[PDB]
């Protein structure tokens, strides 16, 4: 809490004053991968443990995809106190992504806009990187610290479904869960994969590839969706997810909308907006998807989480787990312990025995 204030009031503002967002991100990835991190002294209580997706998670707060795109900082991220880590998005072939600058801070809105465009080291490099620590991950997982791998598609690929299938085959055996990302705002055509007939075709192929993996190397498969879907889109996704037995949903990616009230000078930059202005749009999408799937499909809630309250609202709305990313760029590593500490306090105040009891509680009021 002393370092929470120091990081929040002094350290982070100073690094932000010195470095553009992409440079700061690269540096943060480097520091994290080296273990150069403050004391994550928070000890996870049993209340925070969640069992879902065929796994135990010792706390429900994860790092969202996009921070460790290439699988370089996984262990440093667990050391930061995250109960699970998602790397990616990873595309089959290496690709540079969009021209710089492609990441923008909106300090007045506690928001970020990015158009990275799936910069990726590619499947082969990430595979070897994960292979080098595969058995350490197997122990982490057994210990309640699972690993997710988020799959993207190359900019120039003609068959999107084959890009994902390739990802399932190459990184599936190294992952506790896979994410089919059909919601990036920064790849042309990508989000139209969210439509019904095309999503059914895509996910059928994905699940078939997954089912062809040997039993101990067979990950759960989740779909990550946008916060900008029509009601029709959401109904169709819920329907396809139930028809195919998709294991879970990640809700949500960044928004292409610009909510009224944004103050940041850079608010009109092209890209996906994350952070505080996304928070409630995201929570509302979780609420809708939970109801449409009858509370039977696990949801990882993400978008604008920076406190225990933010996390609990998404849990009560139907999320079994939450992720954050943008909060980390403003508050630094201490925000992880902060969210966990506040979440636990709020669960007790509201009469929940643990996180599990709170999941979807709003729908039973």
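Positions refer to the first chain, counted from 1. Heads up, when I say rigid core I mean the largest set of C-alphas that superpose within 1.5 Å between the two forms.
Put simply, when the other structures in 9 other deposited structures of this protein are lined up on the rigid core, the C-alpha atoms of 39-47 lie farther off than those of the other stretch, from 292-300 and 39-47. In a rigid core superposition of the other structures in 9 other deposited structures of this protein, 195-203 and 155-163 differ in how far their CA atoms stray, and the farther one is 195-203. Relative to one another, 265-273 and 129-137 have unequal mean CA B-factors, and 129-137 is the one with the higher figure. According to the PDB record, 153-161 carries the higher mean C-alpha B-factor of the two stretches 139-147 and 153-161. Highest C-alpha temperature factor among 119, 204, 124, 239 per the entry: 239. Across the residues 326, 307, 33, 323, the deposited record lists the maximum Cα B factor for 33.
In the PDB entry, a CA B factor belonging to the middle third of its chain's modelled residues is recorded for residue 235. In the PDB entry, residue 243 places in the highest third of its chain by CA B-factor.
The deposited CA B-factor of residue 100 belongs to the highest third of values across its chain. Ranked by Cα temperature factor within the chain, residue 44 sits in the highest third according to the deposited record. Ranked by C-alpha B-factor against the other modelled residues of its chain, residue 75 falls in the middle third.
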